[PDB]
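Enquirer: Enclosed is the structure file protein.txt (compact mmCIF, N, CA and C atoms).
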```
# COMPACT_ATOMS: atom_id res chain seq x y z
N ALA J 1 19.04 -6.05 -0.92
CA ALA J 1 18.67 -6.40 -2.28
C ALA J 1 18.54 -7.91 -2.46
N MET J 2 18.76 -8.68 -1.40
CA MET J 2 18.74 -10.12 -1.55
C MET J 2 17.32 -10.67 -1.70
N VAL J 3 16.34 -10.09 -0.99
CA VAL J 3 15.00 -10.66 -0.93
C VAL J 3 14.42 -10.71 -2.34
N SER J 4 13.88 -11.87 -2.71
CA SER J 4 13.26 -12.05 -4.02
C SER J 4 11.78 -11.71 -3.98
N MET J 5 11.27 -11.31 -5.15
CA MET J 5 9.87 -10.95 -5.27
C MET J 5 8.95 -12.07 -4.81
N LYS J 6 9.30 -13.32 -5.12
CA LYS J 6 8.43 -14.44 -4.77
C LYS J 6 8.19 -14.57 -3.27
N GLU J 7 9.11 -14.09 -2.42
CA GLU J 7 8.94 -14.20 -0.98
C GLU J 7 7.78 -13.36 -0.46
N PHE J 8 7.29 -12.42 -1.26
CA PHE J 8 6.17 -11.60 -0.84
C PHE J 8 4.84 -12.30 -1.06
N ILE J 9 4.80 -13.34 -1.88
CA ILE J 9 3.53 -13.93 -2.28
C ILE J 9 2.90 -14.65 -1.09
N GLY J 10 1.64 -14.34 -0.82
CA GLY J 10 0.89 -15.01 0.22
C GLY J 10 -0.11 -14.06 0.83
N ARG J 11 -0.59 -14.42 2.01
CA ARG J 11 -1.60 -13.68 2.73
C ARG J 11 -1.01 -13.22 4.06
N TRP J 12 -1.28 -11.97 4.43
CA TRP J 12 -0.61 -11.28 5.52
C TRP J 12 -1.65 -10.55 6.36
N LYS J 13 -1.51 -10.62 7.69
CA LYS J 13 -2.49 -10.08 8.63
C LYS J 13 -1.85 -8.91 9.39
N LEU J 14 -2.54 -7.77 9.45
CA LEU J 14 -1.98 -6.61 10.15
C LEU J 14 -1.86 -6.90 11.64
N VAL J 15 -0.67 -6.67 12.21
CA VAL J 15 -0.45 -6.79 13.64
C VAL J 15 -0.02 -5.49 14.31
N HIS J 16 0.45 -4.48 13.58
CA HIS J 16 0.81 -3.22 14.21
C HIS J 16 0.65 -2.09 13.20
N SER J 17 0.27 -0.91 13.70
CA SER J 17 0.11 0.26 12.86
C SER J 17 0.47 1.51 13.66
N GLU J 18 1.10 2.47 12.97
CA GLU J 18 1.52 3.73 13.54
C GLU J 18 1.22 4.82 12.52
N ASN J 19 0.51 5.87 12.94
CA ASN J 19 0.28 7.06 12.12
C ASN J 19 -0.59 6.80 10.89
N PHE J 20 -1.37 5.72 10.85
CA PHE J 20 -2.20 5.49 9.66
C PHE J 20 -3.31 6.53 9.54
N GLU J 21 -4.05 6.79 10.63
CA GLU J 21 -5.10 7.80 10.58
C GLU J 21 -4.52 9.16 10.22
N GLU J 22 -3.34 9.49 10.76
CA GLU J 22 -2.67 10.76 10.46
C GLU J 22 -2.25 10.83 9.00
N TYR J 23 -1.78 9.71 8.44
CA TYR J 23 -1.49 9.65 7.01
C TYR J 23 -2.74 9.89 6.17
N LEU J 24 -3.84 9.25 6.52
CA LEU J 24 -5.08 9.47 5.78
C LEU J 24 -5.53 10.92 5.87
N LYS J 25 -5.40 11.53 7.06
CA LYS J 25 -5.73 12.95 7.18
C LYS J 25 -4.86 13.78 6.26
N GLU J 26 -3.56 13.48 6.22
CA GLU J 26 -2.64 14.27 5.41
C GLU J 26 -3.01 14.22 3.94
N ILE J 27 -3.47 13.06 3.44
CA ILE J 27 -3.79 12.93 2.02
C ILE J 27 -5.20 13.40 1.69
N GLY J 28 -5.96 13.87 2.67
CA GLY J 28 -7.22 14.52 2.42
C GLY J 28 -8.45 13.69 2.72
N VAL J 29 -8.32 12.59 3.44
CA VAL J 29 -9.48 11.76 3.77
C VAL J 29 -10.22 12.39 4.94
N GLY J 30 -11.57 12.38 4.86
CA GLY J 30 -12.40 12.95 5.91
C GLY J 30 -12.38 12.15 7.20
N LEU J 31 -12.97 12.75 8.24
CA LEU J 31 -12.81 12.23 9.59
C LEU J 31 -13.47 10.86 9.77
N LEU J 32 -14.73 10.73 9.37
CA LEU J 32 -15.44 9.46 9.56
C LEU J 32 -14.75 8.33 8.82
N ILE J 33 -14.32 8.59 7.59
CA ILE J 33 -13.72 7.52 6.80
C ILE J 33 -12.36 7.14 7.37
N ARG J 34 -11.52 8.13 7.72
CA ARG J 34 -10.19 7.79 8.20
C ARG J 34 -10.25 7.09 9.55
N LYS J 35 -11.18 7.48 10.42
CA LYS J 35 -11.40 6.76 11.68
C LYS J 35 -11.78 5.31 11.42
N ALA J 36 -12.78 5.09 10.56
CA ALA J 36 -13.22 3.73 10.27
C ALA J 36 -12.11 2.91 9.62
N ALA J 37 -11.39 3.50 8.67
CA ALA J 37 -10.36 2.76 7.97
C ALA J 37 -9.24 2.36 8.91
N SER J 38 -8.93 3.21 9.89
CA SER J 38 -7.82 2.93 10.80
C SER J 38 -8.20 1.93 11.89
N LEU J 39 -9.49 1.70 12.12
CA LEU J 39 -9.89 0.72 13.12
C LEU J 39 -9.76 -0.71 12.64
N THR J 40 -9.74 -0.95 11.33
CA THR J 40 -9.69 -2.32 10.84
C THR J 40 -8.28 -2.89 10.93
N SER J 41 -8.20 -4.22 10.87
CA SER J 41 -6.94 -4.95 10.76
C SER J 41 -7.02 -5.76 9.47
N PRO J 42 -6.63 -5.17 8.34
CA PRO J 42 -6.89 -5.80 7.04
C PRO J 42 -6.01 -7.01 6.81
N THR J 43 -6.41 -7.80 5.82
CA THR J 43 -5.60 -8.88 5.28
C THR J 43 -5.09 -8.45 3.91
N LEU J 44 -3.79 -8.57 3.71
CA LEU J 44 -3.16 -8.19 2.46
C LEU J 44 -2.78 -9.47 1.74
N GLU J 45 -3.32 -9.67 0.55
CA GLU J 45 -3.00 -10.81 -0.28
C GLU J 45 -2.16 -10.32 -1.44
N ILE J 46 -1.01 -10.95 -1.63
CA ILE J 46 -0.11 -10.63 -2.73
C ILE J 46 -0.03 -11.88 -3.60
N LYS J 47 -0.33 -11.73 -4.88
CA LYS J 47 -0.24 -12.83 -5.82
C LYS J 47 0.30 -12.31 -7.14
N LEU J 48 0.83 -13.22 -7.94
CA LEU J 48 1.39 -12.91 -9.25
C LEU J 48 0.69 -13.78 -10.28
N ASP J 49 0.08 -13.15 -11.28
CA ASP J 49 -0.61 -13.83 -12.38
C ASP J 49 0.12 -13.50 -13.67
N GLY J 50 0.94 -14.43 -14.15
CA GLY J 50 1.80 -14.17 -15.29
C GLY J 50 2.81 -13.11 -14.93
N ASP J 51 2.72 -11.95 -15.57
CA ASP J 51 3.53 -10.80 -15.21
C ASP J 51 2.75 -9.69 -14.52
N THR J 52 1.53 -9.96 -14.06
CA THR J 52 0.70 -8.97 -13.38
C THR J 52 0.65 -9.26 -11.89
N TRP J 53 1.10 -8.31 -11.09
CA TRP J 53 1.01 -8.40 -9.65
C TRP J 53 -0.38 -7.97 -9.18
N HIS J 54 -0.82 -8.56 -8.07
CA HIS J 54 -2.06 -8.18 -7.41
C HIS J 54 -1.76 -7.98 -5.93
N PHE J 55 -2.00 -6.78 -5.43
CA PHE J 55 -1.92 -6.47 -4.00
C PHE J 55 -3.34 -6.14 -3.60
N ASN J 56 -4.00 -7.09 -2.98
CA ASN J 56 -5.40 -6.95 -2.63
C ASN J 56 -5.52 -6.86 -1.13
N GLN J 57 -6.18 -5.82 -0.65
CA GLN J 57 -6.35 -5.61 0.78
C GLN J 57 -7.81 -5.82 1.12
N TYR J 58 -8.08 -6.67 2.10
CA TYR J 58 -9.46 -6.99 2.46
C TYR J 58 -9.77 -6.55 3.89
N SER J 59 -10.93 -5.94 4.08
CA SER J 59 -11.33 -5.56 5.43
C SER J 59 -12.84 -5.37 5.48
N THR J 60 -13.36 -5.25 6.70
CA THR J 60 -14.78 -5.03 6.89
C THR J 60 -15.23 -3.70 6.30
N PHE J 61 -14.33 -2.71 6.24
CA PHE J 61 -14.69 -1.38 5.78
C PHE J 61 -14.60 -1.23 4.26
N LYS J 62 -13.59 -1.80 3.63
CA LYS J 62 -13.47 -1.71 2.18
C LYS J 62 -12.47 -2.75 1.71
N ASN J 63 -12.75 -3.35 0.55
CA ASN J 63 -11.76 -4.16 -0.15
C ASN J 63 -11.11 -3.29 -1.22
N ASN J 64 -9.78 -3.37 -1.30
CA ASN J 64 -9.00 -2.53 -2.21
C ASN J 64 -8.10 -3.46 -3.01
N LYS J 65 -8.35 -3.55 -4.31
CA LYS J 65 -7.61 -4.45 -5.17
C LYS J 65 -6.77 -3.63 -6.13
N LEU J 66 -5.49 -3.91 -6.16
CA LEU J 66 -4.57 -3.19 -7.00
C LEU J 66 -3.86 -4.20 -7.87
N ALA J 67 -3.89 -3.99 -9.17
CA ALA J 67 -3.17 -4.79 -10.15
C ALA J 67 -2.17 -3.88 -10.85
N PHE J 68 -0.98 -4.40 -11.12
CA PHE J 68 0.01 -3.59 -11.81
C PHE J 68 1.08 -4.49 -12.41
N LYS J 69 1.79 -3.94 -13.38
CA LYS J 69 3.07 -4.49 -13.81
C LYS J 69 4.20 -3.58 -13.36
N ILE J 70 5.26 -4.21 -12.86
CA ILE J 70 6.45 -3.50 -12.43
C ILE J 70 6.96 -2.62 -13.56
N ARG J 71 7.28 -1.36 -13.24
CA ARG J 71 7.89 -0.39 -14.15
C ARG J 71 6.93 0.21 -15.17
N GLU J 72 5.63 -0.06 -15.06
CA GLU J 72 4.65 0.39 -16.03
C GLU J 72 3.70 1.35 -15.35
N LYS J 73 3.71 2.61 -15.77
CA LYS J 73 2.82 3.59 -15.17
C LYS J 73 1.38 3.21 -15.49
N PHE J 74 0.48 3.45 -14.54
CA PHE J 74 -0.93 3.16 -14.75
C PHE J 74 -1.74 4.18 -13.97
N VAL J 75 -2.99 4.37 -14.38
CA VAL J 75 -3.89 5.22 -13.62
C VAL J 75 -4.52 4.37 -12.54
N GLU J 76 -4.30 4.74 -11.29
CA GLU J 76 -4.84 4.02 -10.15
C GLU J 76 -6.04 4.77 -9.60
N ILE J 77 -7.15 4.06 -9.44
CA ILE J 77 -8.26 4.56 -8.64
C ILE J 77 -8.01 4.05 -7.23
N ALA J 78 -7.49 4.93 -6.38
CA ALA J 78 -7.12 4.54 -5.03
C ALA J 78 -8.37 4.39 -4.19
N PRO J 79 -8.25 3.78 -3.01
CA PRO J 79 -9.42 3.63 -2.14
C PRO J 79 -10.07 4.95 -1.75
N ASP J 80 -9.33 6.07 -1.77
CA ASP J 80 -9.94 7.37 -1.49
C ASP J 80 -10.79 7.89 -2.66
N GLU J 81 -10.97 7.06 -3.69
CA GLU J 81 -11.80 7.33 -4.86
C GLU J 81 -11.23 8.42 -5.76
N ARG J 82 -10.02 8.90 -5.47
CA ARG J 82 -9.31 9.80 -6.35
C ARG J 82 -8.42 8.99 -7.29
N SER J 83 -8.13 9.58 -8.44
CA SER J 83 -7.28 8.95 -9.44
C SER J 83 -5.87 9.51 -9.34
N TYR J 84 -4.90 8.62 -9.54
CA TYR J 84 -3.49 8.96 -9.42
C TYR J 84 -2.75 8.34 -10.59
N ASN J 85 -1.56 8.86 -10.88
CA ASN J 85 -0.64 8.23 -11.82
C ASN J 85 0.36 7.47 -10.95
N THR J 86 0.30 6.14 -10.98
CA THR J 86 1.07 5.30 -10.08
C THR J 86 2.11 4.50 -10.85
N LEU J 87 3.29 4.34 -10.24
CA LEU J 87 4.37 3.56 -10.83
C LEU J 87 4.99 2.73 -9.71
N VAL J 88 5.03 1.40 -9.89
CA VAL J 88 5.60 0.49 -8.89
C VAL J 88 6.88 -0.10 -9.46
N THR J 89 7.95 -0.04 -8.68
CA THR J 89 9.22 -0.66 -9.03
C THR J 89 9.62 -1.64 -7.93
N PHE J 90 10.57 -2.49 -8.26
CA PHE J 90 11.15 -3.43 -7.30
C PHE J 90 12.63 -3.13 -7.25
N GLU J 91 13.08 -2.59 -6.12
CA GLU J 91 14.41 -2.01 -5.97
C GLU J 91 14.99 -2.50 -4.66
N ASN J 92 16.18 -3.10 -4.72
CA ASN J 92 16.87 -3.50 -3.50
C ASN J 92 15.96 -4.31 -2.58
N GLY J 93 15.20 -5.23 -3.17
CA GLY J 93 14.40 -6.15 -2.38
C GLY J 93 13.04 -5.62 -1.95
N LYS J 94 12.66 -4.42 -2.38
CA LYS J 94 11.46 -3.77 -1.88
C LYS J 94 10.57 -3.35 -3.03
N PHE J 95 9.25 -3.47 -2.84
CA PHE J 95 8.29 -2.84 -3.75
C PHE J 95 8.10 -1.38 -3.37
N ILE J 96 8.29 -0.48 -4.33
CA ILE J 96 8.16 0.95 -4.10
C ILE J 96 7.12 1.46 -5.08
N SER J 97 6.04 2.04 -4.55
CA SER J 97 5.00 2.66 -5.37
C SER J 97 5.00 4.17 -5.21
N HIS J 98 5.17 4.88 -6.33
CA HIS J 98 4.99 6.33 -6.39
C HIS J 98 3.59 6.61 -6.89
N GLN J 99 2.73 7.07 -6.00
CA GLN J 99 1.34 7.38 -6.32
C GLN J 99 1.29 8.89 -6.49
N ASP J 100 1.34 9.34 -7.74
CA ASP J 100 1.44 10.77 -8.06
C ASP J 100 0.06 11.40 -8.27
N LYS J 101 -0.17 12.51 -7.59
CA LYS J 101 -1.43 13.22 -7.77
C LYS J 101 -1.58 13.69 -9.21
N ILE J 102 -2.84 13.81 -9.61
CA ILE J 102 -3.22 14.39 -10.89
C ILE J 102 -3.77 15.80 -10.71
N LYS J 103 -4.71 15.96 -9.78
CA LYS J 103 -5.25 17.27 -9.44
C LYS J 103 -4.37 17.93 -8.39
N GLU J 104 -4.15 19.24 -8.56
CA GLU J 104 -3.12 19.95 -7.81
C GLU J 104 -3.43 19.96 -6.32
N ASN J 105 -4.71 19.97 -5.95
CA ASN J 105 -5.13 20.02 -4.56
C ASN J 105 -5.10 18.66 -3.89
N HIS J 106 -4.79 17.61 -4.64
CA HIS J 106 -4.61 16.28 -4.07
C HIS J 106 -3.20 16.18 -3.47
N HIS J 107 -2.82 14.99 -3.03
CA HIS J 107 -1.54 14.75 -2.39
C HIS J 107 -0.95 13.49 -2.97
N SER J 108 0.36 13.50 -3.18
CA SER J 108 1.06 12.32 -3.67
C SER J 108 1.57 11.53 -2.49
N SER J 109 1.82 10.24 -2.72
CA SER J 109 2.31 9.34 -1.69
C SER J 109 3.38 8.43 -2.25
N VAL J 110 4.22 7.91 -1.34
CA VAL J 110 5.16 6.83 -1.66
C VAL J 110 4.89 5.69 -0.71
N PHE J 111 4.67 4.49 -1.27
CA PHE J 111 4.44 3.29 -0.49
C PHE J 111 5.63 2.35 -0.66
N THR J 112 6.15 1.84 0.44
CA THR J 112 7.27 0.92 0.39
C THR J 112 6.87 -0.35 1.12
N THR J 113 7.08 -1.50 0.48
CA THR J 113 6.73 -2.79 1.05
C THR J 113 7.98 -3.65 1.04
N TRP J 114 8.32 -4.22 2.19
CA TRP J 114 9.55 -4.99 2.30
C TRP J 114 9.37 -6.07 3.35
N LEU J 115 10.30 -7.02 3.35
CA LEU J 115 10.28 -8.15 4.28
C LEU J 115 11.42 -8.06 5.27
N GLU J 116 11.13 -8.38 6.52
CA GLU J 116 12.15 -8.42 7.56
C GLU J 116 11.85 -9.60 8.45
N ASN J 117 12.78 -10.55 8.49
CA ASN J 117 12.73 -11.63 9.44
C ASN J 117 11.35 -12.28 9.49
N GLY J 118 10.80 -12.53 8.31
CA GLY J 118 9.56 -13.26 8.21
C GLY J 118 8.31 -12.42 8.25
N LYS J 119 8.43 -11.14 8.58
CA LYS J 119 7.30 -10.23 8.61
C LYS J 119 7.31 -9.37 7.37
N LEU J 120 6.15 -8.81 7.06
CA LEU J 120 6.02 -7.85 5.97
C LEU J 120 5.74 -6.47 6.55
N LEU J 121 6.53 -5.49 6.10
CA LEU J 121 6.46 -4.12 6.60
C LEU J 121 6.06 -3.20 5.47
N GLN J 122 5.29 -2.18 5.80
CA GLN J 122 4.97 -1.15 4.84
C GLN J 122 5.18 0.22 5.46
N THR J 123 5.56 1.19 4.63
CA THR J 123 5.42 2.59 4.99
C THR J 123 4.57 3.28 3.94
N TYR J 124 3.71 4.18 4.40
CA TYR J 124 2.98 5.08 3.53
C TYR J 124 3.40 6.49 3.90
N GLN J 125 3.97 7.20 2.94
CA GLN J 125 4.51 8.53 3.17
C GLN J 125 3.80 9.55 2.29
N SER J 126 3.38 10.65 2.89
CA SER J 126 2.93 11.83 2.15
C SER J 126 3.20 13.06 2.98
N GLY J 127 3.77 14.09 2.35
CA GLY J 127 4.06 15.33 3.06
C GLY J 127 4.95 15.06 4.26
N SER J 128 4.53 15.55 5.42
CA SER J 128 5.29 15.41 6.64
C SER J 128 4.99 14.11 7.38
N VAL J 129 4.17 13.21 6.83
CA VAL J 129 3.70 12.05 7.57
C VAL J 129 4.23 10.76 6.97
N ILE J 130 4.78 9.90 7.82
CA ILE J 130 5.05 8.51 7.49
C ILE J 130 4.24 7.61 8.41
N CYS J 131 3.48 6.72 7.80
CA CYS J 131 2.74 5.66 8.50
C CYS J 131 3.56 4.38 8.38
N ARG J 132 3.60 3.59 9.46
CA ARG J 132 4.31 2.32 9.47
C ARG J 132 3.33 1.21 9.82
N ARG J 133 3.35 0.14 9.05
CA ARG J 133 2.49 -1.01 9.31
C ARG J 133 3.31 -2.28 9.24
N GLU J 134 2.93 -3.25 10.06
CA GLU J 134 3.59 -4.54 10.13
C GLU J 134 2.54 -5.64 10.04
N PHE J 135 2.84 -6.67 9.25
CA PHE J 135 1.96 -7.81 9.00
C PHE J 135 2.70 -9.11 9.27
N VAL J 136 1.94 -10.14 9.66
CA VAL J 136 2.47 -11.49 9.82
C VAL J 136 1.80 -12.41 8.80
N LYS J 137 2.51 -13.46 8.42
CA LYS J 137 1.96 -14.41 7.47
C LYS J 137 0.71 -15.08 8.04
N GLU J 138 -0.36 -15.11 7.25
CA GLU J 138 -1.61 -15.75 7.67
C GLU J 138 -1.35 -17.20 8.03
```
Represent the structure from my file as structure tokens, please.
Expert:
Amino acid sequence: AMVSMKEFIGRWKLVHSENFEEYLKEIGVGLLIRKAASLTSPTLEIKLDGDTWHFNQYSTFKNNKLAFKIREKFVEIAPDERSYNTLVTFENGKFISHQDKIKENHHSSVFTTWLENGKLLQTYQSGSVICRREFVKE
């Protein structure tokens, strides 16, 4: 719980990934898209504008910009082009996003972003699948 929110601010480059394509398959992404999305090494930019956070992911395949306020539910248009009811909290040093499905045939996910020894780590969880990603400061 020691890590402060401000330590996340900056630009981060993907250096390792595990189970990302499998995570995308689990949440219903088609083969061509999940293959292409998993081949990239995106840059994640985290910035704070007043009380609005921005987690923007940039890559050759798609740019994904997410804006939110902590503790405030919002409708997220996720990169899979489906809409979700998303809620991001900051708990014990970590950003936790609950991306809740709206349509019953969709899938919900939990995203956790945290810092360890200068690196930024993420997990994306849905159903039986957890994806793990690691980033280094740009």
Enquirer: Region 95-97 of chain J: which residues within 6 Å, counting all atoms listed in the file, same-chain residues fewer than 5 positions away excluded, as a PyMOL selection string?
Expert: chain J and resi 87-90+109-114
Enquirer: Give me, as a VMD selection string, all polymer residues having an atom no more than 8 Å from region 50-64 of chain J, counting all atoms listed in the file and skipping those fewer than 5 positions away in the same chain.
Expert: chain J and resid 36 to 37 40 to 45 69 to 70 78 to 79
Enquirer: Would you mind listing what lies within 8 Å of residue 84 (chain J) as a tab-separated table (two decimals) with N, CA and C atoms, in the frame of the given file, with all atoms listed in the file counted and same-chain residues fewer than 4 positions away left out?
Expert:
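Below is the file that was written, result22.tsv:
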```
chain	number	residue	atom	x	y	z
J	74	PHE	N	0.48	3.45	-14.54
J	74	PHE	CA	-0.93	3.16	-14.75
J	74	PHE	C	-1.74	4.18	-13.97
J	75	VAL	N	-2.99	4.37	-14.38
J	75	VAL	CA	-3.89	5.22	-13.62
J	75	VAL	C	-4.52	4.37	-12.54
J	76	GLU	N	-4.30	4.74	-11.29
J	76	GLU	CA	-4.84	4.02	-10.15
J	76	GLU	C	-6.04	4.77	-9.60
J	77	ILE	N	-7.15	4.06	-9.44
J	77	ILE	CA	-8.26	4.56	-8.64
J	77	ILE	C	-8.01	4.05	-7.23
J	78	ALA	N	-7.49	4.93	-6.38
J	78	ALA	CA	-7.12	4.54	-5.03
J	78	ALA	C	-8.37	4.39	-4.19
J	98	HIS	N	5.17	4.88	-6.33
J	98	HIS	CA	4.99	6.33	-6.39
J	98	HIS	C	3.59	6.61	-6.89
J	99	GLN	N	2.73	7.07	-6.00
J	99	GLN	CA	1.34	7.38	-6.32
J	99	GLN	C	1.29	8.89	-6.49
J	100	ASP	N	1.34	9.34	-7.74
J	100	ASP	CA	1.44	10.77	-8.06
J	100	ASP	C	0.06	11.40	-8.27
J	101	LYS	N	-0.17	12.51	-7.59
J	101	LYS	CA	-1.43	13.22	-7.77
J	101	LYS	C	-1.58	13.69	-9.21
J	102	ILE	N	-2.84	13.81	-9.61
J	102	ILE	CA	-3.22	14.39	-10.89
J	102	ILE	C	-3.77	15.80	-10.71
J	103	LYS	N	-4.71	15.96	-9.78
J	103	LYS	CA	-5.25	17.27	-9.44
J	103	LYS	C	-4.37	17.93	-8.39
```
Enquirer: Name the residues of chain J that fall into helix (DSSP H, G or I) according to DSSP on the backbone, using the chain letters and numbers of this document, as a PyMOL selection string.
Expert: chain J and resi 5-8+20-26+31-39
Enquirer: Could you turn the residues from that selection into a file that holds N, CA and C atoms, as a PDB file, in the frame of the given file?
Expert:
```pdb
ATOM      1  N   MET J   5      11.270 -11.310  -5.150  1.00  0.00           N
ATOM      2  CA  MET J   5       9.870 -10.950  -5.270  1.00  0.00           C
ATOM      3  C   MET J   5       8.950 -12.070  -4.810  1.00  0.00           C
ATOM      4  N   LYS J   6       9.300 -13.320  -5.120  1.00  0.00           N
ATOM      5  CA  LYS J   6       8.430 -14.440  -4.770  1.00  0.00           C
ATOM      6  C   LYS J   6       8.190 -14.570  -3.270  1.00  0.00           C
ATOM      7  N   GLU J   7       9.110 -14.090  -2.420  1.00  0.00           N
ATOM      8  CA  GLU J   7       8.940 -14.200  -0.980  1.00  0.00           C
ATOM      9  C   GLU J   7       7.780 -13.360  -0.460  1.00  0.00           C
ATOM     10  N   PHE J   8       7.290 -12.420  -1.260  1.00  0.00           N
ATOM     11  CA  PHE J   8       6.170 -11.600  -0.840  1.00  0.00           C
ATOM     12  C   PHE J   8       4.840 -12.300  -1.060  1.00  0.00           C
ATOM     13  N   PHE J  20      -1.370   5.720  10.850  1.00  0.00           N
ATOM     14  CA  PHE J  20      -2.200   5.490   9.660  1.00  0.00           C
ATOM     15  C   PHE J  20      -3.310   6.530   9.540  1.00  0.00           C
ATOM     16  N   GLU J  21      -4.050   6.790  10.630  1.00  0.00           N
ATOM     17  CA  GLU J  21      -5.100   7.800  10.580  1.00  0.00           C
ATOM     18  C   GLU J  21      -4.520   9.160  10.220  1.00  0.00           C
ATOM     19  N   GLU J  22      -3.340   9.490  10.760  1.00  0.00           N
ATOM     20  CA  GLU J  22      -2.670  10.760  10.460  1.00  0.00           C
ATOM     21  C   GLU J  22      -2.250  10.830   9.000  1.00  0.00           C
ATOM     22  N   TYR J  23      -1.780   9.710   8.440  1.00  0.00           N
ATOM     23  CA  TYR J  23      -1.490   9.650   7.010  1.00  0.00           C
ATOM     24  C   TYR J  23      -2.740   9.890   6.170  1.00  0.00           C
ATOM     25  N   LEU J  24      -3.840   9.250   6.520  1.00  0.00           N
ATOM     26  CA  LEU J  24      -5.080   9.470   5.780  1.00  0.00           C
ATOM     27  C   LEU J  24      -5.530  10.920   5.870  1.00  0.00           C
ATOM     28  N   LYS J  25      -5.400  11.530   7.060  1.00  0.00           N
ATOM     29  CA  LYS J  25      -5.730  12.950   7.180  1.00  0.00           C
ATOM     30  C   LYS J  25      -4.860  13.780   6.260  1.00  0.00           C
ATOM     31  N   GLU J  26      -3.560  13.480   6.220  1.00  0.00           N
ATOM     32  CA  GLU J  26      -2.640  14.270   5.410  1.00  0.00           C
ATOM     33  C   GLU J  26      -3.010  14.220   3.940  1.00  0.00           C
ATOM     34  N   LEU J  31     -12.970  12.750   8.240  1.00  0.00           N
ATOM     35  CA  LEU J  31     -12.810  12.230   9.590  1.00  0.00           C
ATOM     36  C   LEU J  31     -13.470  10.860   9.770  1.00  0.00           C
ATOM     37  N   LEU J  32     -14.730  10.730   9.370  1.00  0.00           N
ATOM     38  CA  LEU J  32     -15.440   9.460   9.560  1.00  0.00           C
ATOM     39  C   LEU J  32     -14.750   8.330   8.820  1.00  0.00           C
ATOM     40  N   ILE J  33     -14.320   8.590   7.590  1.00  0.00           N
ATOM     41  CA  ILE J  33     -13.720   7.520   6.800  1.00  0.00           C
ATOM     42  C   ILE J  33     -12.360   7.140   7.370  1.00  0.00           C
ATOM     43  N   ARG J  34     -11.520   8.130   7.720  1.00  0.00           N
ATOM     44  CA  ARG J  34     -10.190   7.790   8.200  1.00  0.00           C
ATOM     45  C   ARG J  34     -10.250   7.090   9.550  1.00  0.00           C
ATOM     46  N   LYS J  35     -11.180   7.480  10.420  1.00  0.00           N
ATOM     47  CA  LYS J  35     -11.400   6.760  11.680  1.00  0.00           C
ATOM     48  C   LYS J  35     -11.780   5.310  11.420  1.00  0.00           C
ATOM     49  N   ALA J  36     -12.780   5.090  10.560  1.00  0.00           N
ATOM     50  CA  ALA J  36     -13.220   3.730  10.270  1.00  0.00           C
ATOM     51  C   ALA J  36     -12.110   2.910   9.620  1.00  0.00           C
ATOM     52  N   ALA J  37     -11.390   3.500   8.670  1.00  0.00           N
ATOM     53  CA  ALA J  37     -10.360   2.760   7.970  1.00  0.00           C
ATOM     54  C   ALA J  37      -9.240   2.360   8.910  1.00  0.00           C
ATOM     55  N   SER J  38      -8.930   3.210   9.890  1.00  0.00           N
ATOM     56  CA  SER J  38      -7.820   2.930  10.800  1.00  0.00           C
ATOM     57  C   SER J  38      -8.200   1.930  11.890  1.00  0.00           C
ATOM     58  N   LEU J  39      -9.490   1.700  12.120  1.00  0.00           N
ATOM     59  CA  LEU J  39      -9.890   0.720  13.120  1.00  0.00           C
ATOM     60  C   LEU J  39      -9.760  -0.710  12.640  1.00  0.00           C
TER      61      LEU J  39
END
```
Enquirer: Determine which residues of chain J receive a DSSP assignment of strand (DSSP E or B), computed from the backbone, and state them as an MDAnalysis selection string.
Expert: chainID J and resid 10:18 43:49 52:58 64:68 74:77 83:91 94:101 109:116 119:126 129:137
